[PDB]
């Protein structure tokens, strides 16, 4: 089921810098994260606690969807979502191959 370029341009993929990360109390799988997009901050809920510690995420530059309707998970309002890739073994966040300033748009 194939799409045109306009289907893809509806989505806003951006590079964001992780400022804070912590486990979510009562959840086995969730992390709450604060992200800088350069000119504004976001709060995101990411179900990757089983694979990433909060400490190793701080300072990383990662790829997110920035224009999703906010959703409340575990009481926290999540203002975007972190992309992850999985093959049925490992799970990985998504990063820029070379360093770019936070807020960079993907295309």
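Numbering follows the first chain given and starts at 1.
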Based on the deposited C-alpha B factors for this chain, I'd like to know if residue 58 is in the lowest, middle or highest third. middle
C-alpha B factor of residue 67, ranked within the chain: lowest, middle or highest third? lowest
CA B-factor ranking of residue 30, expressed as a third of its chain: lowest
Modelled-residue ranking by C-alpha temperature factor, third containing residue 44: middle
Assert third(CA B-factor, residue 104) within chain per record equals lowest
